[PDB]
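Participant: Next up is a structure, given as structure tokens.
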Protein chains: 4
Amino acid sequence: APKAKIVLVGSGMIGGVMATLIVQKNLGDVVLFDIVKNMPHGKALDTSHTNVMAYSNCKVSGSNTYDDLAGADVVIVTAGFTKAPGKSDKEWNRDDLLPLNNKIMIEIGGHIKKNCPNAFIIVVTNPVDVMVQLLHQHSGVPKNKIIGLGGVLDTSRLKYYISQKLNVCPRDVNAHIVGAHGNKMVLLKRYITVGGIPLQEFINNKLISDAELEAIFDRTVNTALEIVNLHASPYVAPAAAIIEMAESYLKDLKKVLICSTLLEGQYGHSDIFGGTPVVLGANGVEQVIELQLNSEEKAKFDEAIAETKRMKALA
Amino acid sequence: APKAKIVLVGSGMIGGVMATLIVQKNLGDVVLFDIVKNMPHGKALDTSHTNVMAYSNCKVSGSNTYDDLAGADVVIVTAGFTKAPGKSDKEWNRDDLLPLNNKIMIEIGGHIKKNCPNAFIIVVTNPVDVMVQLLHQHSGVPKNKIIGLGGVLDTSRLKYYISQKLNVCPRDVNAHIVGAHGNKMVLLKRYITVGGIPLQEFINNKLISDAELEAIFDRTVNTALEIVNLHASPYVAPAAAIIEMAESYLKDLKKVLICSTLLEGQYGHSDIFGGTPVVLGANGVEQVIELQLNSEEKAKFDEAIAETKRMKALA
Amino acid sequence: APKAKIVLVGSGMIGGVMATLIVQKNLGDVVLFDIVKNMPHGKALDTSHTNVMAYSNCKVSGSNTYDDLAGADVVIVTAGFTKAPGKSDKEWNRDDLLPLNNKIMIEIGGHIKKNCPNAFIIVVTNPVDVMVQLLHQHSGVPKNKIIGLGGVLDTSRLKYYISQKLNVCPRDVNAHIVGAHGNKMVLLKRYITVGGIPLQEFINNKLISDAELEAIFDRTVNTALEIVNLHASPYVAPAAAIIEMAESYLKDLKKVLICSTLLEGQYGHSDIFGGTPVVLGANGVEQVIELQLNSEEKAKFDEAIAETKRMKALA
Amino acid sequence: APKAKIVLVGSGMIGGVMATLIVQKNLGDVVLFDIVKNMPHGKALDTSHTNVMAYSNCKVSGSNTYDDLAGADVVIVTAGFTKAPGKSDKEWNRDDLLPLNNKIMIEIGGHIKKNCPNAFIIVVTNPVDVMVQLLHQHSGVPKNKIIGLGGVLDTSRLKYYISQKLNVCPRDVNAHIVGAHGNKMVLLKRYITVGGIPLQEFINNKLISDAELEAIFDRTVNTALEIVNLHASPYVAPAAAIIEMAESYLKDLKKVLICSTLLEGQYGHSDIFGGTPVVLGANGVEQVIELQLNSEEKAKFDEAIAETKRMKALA
Ligand SMILES: CC(=O)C1=CN([C@@H]2O[C@H](COP(=O)(O)OP(=O)(O)OC[C@H]3O[C@@H](n4cnc5c(N)ncnc54)[C@H](O)[C@@H]3O)[C@@H](O)[C@H]2O)C=CC1
Ligand SMILES: CC(=O)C1=CN([C@@H]2O[C@H](COP(=O)(O)OP(=O)(O)OC[C@H]3O[C@@H](n4cnc5c(N)ncnc54)[C@H](O)[C@@H]3O)[C@@H](O)[C@H]2O)C=CC1
Ligand SMILES: CC(=O)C1=CN([C@@H]2O[C@H](COP(=O)(O)OP(=O)(O)OC[C@H]3O[C@@H](n4cnc5c(N)ncnc54)[C@H](O)[C@@H]3O)[C@@H](O)[C@H]2O)C=CC1
Ligand SMILES: CC(=O)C1=CN([C@@H]2O[C@H](COP(=O)(O)OP(=O)(O)OC[C@H]3O[C@@H](n4cnc5c(N)ncnc54)[C@H](O)[C@@H]3O)[C@@H](O)[C@H]2O)C=CC1
């Protein structure tokens, strides 16, 4: 059939929500692939029944076979560790799973290259800005055909928190977080708008203060940790962000979405992936948009890239 | 505000998917209530960010306080045990959590009666046909304002499996499973249609055989066990079924949906809840539809009710 | 791009609503083609702005050039007369526009054959069961790639009227009207269900009477005339019905929808198009479903086909 | 029932599309009211059938009786002249229908005050910034409960035209047009963004030039005339814009939408309605946002208000 085939490489928490949302949106047939025996078949079976409630007709199947990547139109990679086995929830960060998640990207890359070299790839495995580049290199796909999750998720938090303070529709807040996903994420105060209006106007009117915004910025950076400390794990919003990206590709929406993409001189950087607004449509990354950062913003961008490089070296 | 307030009493697996779907559908503000400290706040935080991706404006908050039921328009109860601590996955059934889940329904009932006596209640805790009646009795709500999950979920499986064999849109298969949710569920072959056409026509044409249907019937009854044996748990389709019910109420859709409701003479039964098609709209259960069962079908219905009564006695 | 290209051959009342709905549903790029100069460009411009309100990205362009059919994935033909210039609204029927609408189908057929022989075609021009066959013959497309509007529209009326009486969700009423679209349409009482339940059960319960149903049947047959006599014209529901058909094709939904299709022995008929349930998916008409009519129902079906043949002869 | 009751006062071109969209979105029951006998009943009948195709349950009825405004939750006023009977399509403007459309607003105002004084009112009749104030005065409704269409429609055009040039999703372009709807509309270049980024960045990169933007500005102002000169009439996008506003109210979305609202000192203006961003939620106009215009922008705003006052005097 002409329905898209969407292979979820990793059928864990994010994978499950993604499968649910794909059926809700009737986006395409879904394969829940994992190394864990049986589990993806079980999740697939459960999820498949929702076609009735959703008025959809998407197949949902499980797989324990890498070759099921054959024919994939979109591949979403969440496979990997989510935390270092030994580290507390308080100290959740990035040094030693690097080589293990690198091996996972290498393995998946080989299977993509053999089975679905023309697929559009979204990488989620952390640290994403490192893992996406590794997968790019080992899968051999074109630069316009692979991106990493980051900015859509990170800005959803910033947008949401501001919308709550200002009592406006969440989507009406727009904002940019660039460079990398992680603690070095660059929050661009200058690029925040509310209903298309510069946030500064709302600050001038005392509707939201600079101090409030500083607290919202810190909350945004630390949201994953906040959720973990509350005895939960972030997987629902990550899934929705990924599906927004995938849907833009599948439907040729040409949305402007901030994702990790190969930089070729933007911001003074080459040979590395970093977060920046891109346009996602039928041709994949159709445009890479370079924000005209000032020197102070660029300094923060540089710090983010430096951290990606540091971890890439250890991987 | 006039947005509906939807309180999820139980913030586990089903609760999480329900919160996700409510935001996707912009159905109302959500409270994830649970006895587990912090966890519902974490899930709520994660889920709240999806308002951006979904173009919605639903608050999602966590709660560890029963009094947050105040003002509820809809209350969905998934609180309870999901399996007997000690029993293998192979032997997943119903005798001894009864008194513990009864205590949970009693407790929740008291809080509903005090805080939101005019709410519409959907009960999910198993065995649902027993627990719904217990909650009805202790909450004091009118009979048209409380239902149990069952038939929407069980028929989604039957509909889906037949649709796959016949290669038609899942929603185009209609089917009735009545009496109770559980191993005594009554699958009504006579009441199956495909695009509104009697299934028997498709059997006559050899498009699906009676033997195939028998296997699909057994698969439907055993689906929960099938999913558990695959190292997964059924929670996505249960959530979608519940949201279909809740949405029909909230939007006054007047959908015909099979749910557990107080029987007042239908099928020869009174003073018990059992699964039957009902019409759900703004006034709750607006109609209870009694299928004109033959004697053989009625005998099976009686077996289902007898099992509900047996467990009610032990609760 | 991979977005579908949908060419509306005829940019009148139905064409306008179809363009509106396609953008609402983000189904594909739209060409509003017509012989009237400028008008389609104006409607296209107006409609294109709705992409903003709809969160969609579908191009909407006008055309006065037949060659713009090139590349079409779906072609919807509403081109033609809607009433005989000279006949009152009271006497709205079918004898003398036949040769003129035949010429229009022939002309469009030639352009389809040259420019988009692989497109999926939906014919709407009346009398549709005649015009669809004429277009099939002159376009040269395969039988699984061309259908006529009829049953989805006619049953929407029957379903709706019954749903109002019974106070249930309109989609929960299912019904079959076959043979032809027009005054000889065959309404199959035996094949009506409500929430999947035989309508007869509701009659037995005195919820709706046989006399009420007879009146609803006559109302259904005469609905177009009822609307015309109220100083309006039926175009909104026809458009929605057509878009339901087109969407099933585009999204590979495999819905069971009653449409005019080439009969190859079904109901005892060959070499003619008539209304029957079909399954619409990615391969076009994937299945032609033959209802197992009794002799009385078949007699009415024969009357419908005879009328199609009578008018085909005059065309 | 608790479904909203939406009364369309005026059942012409815009009214018809609004009814269609309300059913598509299942927003509430609809009354198509008009002074033309029978016509609204015909349009209502046609539109009602779409509930089946749309999976909705909204009543659609026609009315020739002002008292059917009773119980209205939302009233949308499109009643009036659309062009001066005698003036060519080339010379489409605003001097002498003023007293006639004023009489229509006065009449409707009296009926609103008597029958639905708590309804939320959207005025569309041109010149809208004048007519909305007239209706406000004669209906007696609070200032937070009545708005005029303008900016959502006018900016949809600007947003769309820019999105086409830049090859991005239309909704990703944000823009502000304020003061009044009509030839004095104030297009604010400084307040245009693309994916939340200042448009100036795209100009700097030569992706769109200042000269291109000037042409798009003129096209935006003249779009209604462009459509009329193409032998069409703008009614589809106006309807969608109105429904976006109505939906924000009904669903408590709190969208920021530019509408005509009573100014109470903003921009230096009082005692007049003018276009400005507002937040629409359950409480109606929840916030009036005042853009921090520079002196040059304010001068243009003043010109717009002066024109509204000039016509108000003649009404
Ligand atoms: C970039 C970003 O914004 C975020 C990234 N993540 C990363 O996303 C990944 C997945 O998170 P999830 O919560 O889904 O973790 P999980 O443990 O539930 O699922 C991971 C699955 O991967 C499987 N897996 C391991 N190796 C695999 C392989 N070779 N192939 C397929 N699946 C594999 C494994 O069995 C598990 O089910 C982790 O690396 C997270 O750090 C998470 C949240 C946000
Ligand atoms: C009727 C039907 O078709 C189905 C019913 N169920 C029942 O639904 C219930 C919930 O299933 P879920 O998978 O969500 O289980 P879970 O363990 O993840 O969540 C249950 C939550 O209830 C909480 N809980 C316990 N007591 C509570 C109380 N007094 N108040 C609120 N929450 C409570 C508990 O902490 C956990 O998070 C179980 O009884 C299932 O048997 C499940 C699938 C289908
Ligand atoms: C099968 C069915 O359920 C229905 C069928 N119809 C038929 O659908 C047709 C279109 O109805 P609509 O209300 O859209 O009529 P319209 O007059 O507004 O539009 C017809 C357009 O066709 C154009 N047209 C004429 N010749 C054409 C050609 N060769 N190519 C393209 N357009 C052409 C013509 O200029 C007008 O704009 C008529 O034949 C109706 O009888 C209508 C309602 C229901
Ligand atoms: C503010 C704005 O962006 C726009 C405003 N308009 C205005 O919207 C109005 C309606 O436009 P439409 O295209 O719908 O015009 P129409 O002639 O098809 O419908 C007007 C209907 O009003 C009826 N009408 C007249 N007096 C009435 C009354 N007292 N009560 C109810 N209906 C009445 C009349 O019979 C016709 O059906 C006109 O004033 C337009 O100028 C239009 C497009 C954009």
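Residue numbering restarts at 1 in every chain; chains get A, B, ... in the order shown in the structure tokens, and ligands count up from 1 in that same order.
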Excluding residue 143 of chain D and any residue of its chain fewer than 2 positions from it, enumerate the residues within 12 Å of it, using only C-alpha atoms, and give them as a ChimeraX atom specification.
Facilitator: /D:118-122,132-133,135-137,139-141,145-148,260-264,271-273,283-288
Participant: If the cut-off is 12 Å, can you tell me the residues of chain C near chain A, counting only C-alpha atoms? I'd like them as a ChimeraX atom specification.
Facilitator: /C:1-4,25-29,51-52,54-59,171,247-255,281-284,286
Participant: What residues have any atom no more than 8 Å from ligand 2 when counting only C-alpha atoms and all ligand atoms, and can you list them as a PyMOL selection string?
Facilitator: chain B and resi 9-16+33-36+66+77-83+101+104-105+107-108+123-129+148-151+153-154+181+224+233-235+238
Participant: Can you tell me, as a VMD selection string, what residues are no more than 10 Å from residue 229 of chain B when counting only C-alpha atoms, ignoring any on the same chain fewer than 5 positions away?
Facilitator: (chain A and resid 38 to 39 42) or (chain B and resid 89 to 90 223 to 224)
Participant: Those same residues, written as a CSV table (one decimal), in the first residue's frame with N, CA and C atoms?
Facilitator:
```
chain,number,residue,atom,x,y,z
A,38,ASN,N,9.1,-10.4,22.7
A,38,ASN,CA,7.7,-10.5,22.9
A,38,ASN,C,7.0,-9.1,23.2
A,39,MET,N,7.7,-8.3,24.1
A,39,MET,CA,7.1,-7.0,24.6
A,39,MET,C,6.6,-6.1,23.5
A,42,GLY,N,3.2,-7.4,22.3
A,42,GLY,CA,2.2,-7.1,23.3
A,42,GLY,C,1.7,-5.7,23.2
B,89,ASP,N,1.7,-14.8,35.7
B,89,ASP,CA,1.0,-14.2,34.6
B,89,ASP,C,0.1,-15.2,33.9
B,90,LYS,N,0.5,-16.4,33.9
B,90,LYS,CA,-0.3,-17.5,33.3
B,90,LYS,C,-1.7,-17.7,34.0
B,223,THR,N,-7.8,-11.9,25.0
B,223,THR,CA,-6.8,-10.9,24.6
B,223,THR,C,-6.0,-10.3,25.8
B,224,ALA,N,-6.6,-10.0,26.9
B,224,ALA,CA,-5.8,-9.5,28.0
B,224,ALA,C,-4.7,-10.5,28.4
```
Participant: Figure out the distance between atom CA of residue 241 of chain C and atom CA of residue 49 of chain D, please, to one decimal in Å.
Facilitator: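 Interatomic distance here is 9.4 Å.
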Participant: Write down as a PyMOL selection string the residues belonging to segment 32-224 of chain D that are assigned alpha helix (DSSP H) by DSSP computed on the backbone.
Facilitator: chain D and resi 39-48+50-54+98-115+128-139+151-166+199-204+210-221+223-224
Participant: Run DSSP on the backbone and grab whatever in segment 50-258 of chain B lands in strand (DSSP E or B); send it over as an NGL selection string.
Facilitator: :B and (60-63 or 74-77 or 120-123 or 146-148 or 173-174 or 177-179 or 186-187 or 193-194 or 197-198 or 255-258)
Participant: Residues near residue 71 of chain C, anyone? I mean within 8 Å using only C-alpha atoms, not counting same-chain ones fewer than 5 positions away, as a PDB file with N, CA and C atoms, in the first residue's frame.
Facilitator:
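The new file result_21.pdb reads:
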```pdb
ATOM      1  N   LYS C   5      -2.451  15.464  -5.594  1.00  0.00           N
ATOM      2  CA  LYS C   5      -3.004  16.538  -6.397  1.00  0.00           C
ATOM      3  C   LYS C   5      -4.450  16.155  -6.716  1.00  0.00           C
ATOM      4  N   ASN C 115      -4.032  13.107 -19.990  1.00  0.00           N
ATOM      5  CA  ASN C 115      -3.243  13.755 -18.936  1.00  0.00           C
ATOM      6  C   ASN C 115      -3.058  13.033 -17.607  1.00  0.00           C
ATOM      7  N   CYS C 116      -4.014  12.212 -17.200  1.00  0.00           N
ATOM      8  CA  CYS C 116      -3.919  11.563 -15.897  1.00  0.00           C
ATOM      9  C   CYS C 116      -4.648  10.220 -15.926  1.00  0.00           C
TER      10      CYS C 116
END
```
Participant: One number please: atom CA of residue 180 of chain C to atom CA of residue 308 of chain C, in Å, one decimal.
Facilitator: 7.3 Å
Participant: Residues at most 8 Å from residue 44 of chain D, counting only C-alpha atoms, excluding those fewer than 6 positions away in the same chain, as a ChimeraX atom specification?
Facilitator: /D:19,31-32,60-62
Participant: Skip residue 175 of chain B itself and residues of its chain fewer than 2 positions away, then list as number ranges by chain all residues within 9 Å of it, counting only C-alpha atoms.
Facilitator: B: 155-156, 158-159, 173, 177, 187-194; C: 195-197
Participant: Taking 5 positions as the minimum chain separation for residues in the same chain, which residues sit within 9 Å of residue 302 of chain B when counting only C-alpha atoms? Answer as a list in words.
Facilitator: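 Near neighbours after the sequence-gap exclusion: residues 179, 267, 268, 269, 297 and 307 of chain B.
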Participant: With C-alpha atoms retained, write the just-selected residues as a CSV table (one decimal), in the first residue's frame.
Facilitator:
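Contents of the output file part_19.csv:
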```
chain,number,residue,atom,x,y,z
B,179,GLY,CA,-23.4,-9.5,30.2
B,267,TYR,CA,-32.7,-9.7,30.1
B,268,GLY,CA,-34.7,-10.8,33.1
B,269,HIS,CA,-32.2,-9.2,35.5
B,297,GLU,CA,-27.9,-16.1,24.1
B,307,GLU,CA,-20.4,-14.8,38.0
```
Participant: For residue 40 of chain B, which residue among A:219, A:231, A:298, A:312 is the nearest when counting only C-alpha atoms?
Facilitator: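 The shortest atom-to-atom distance to residue 40 of chain B comes from A:231.
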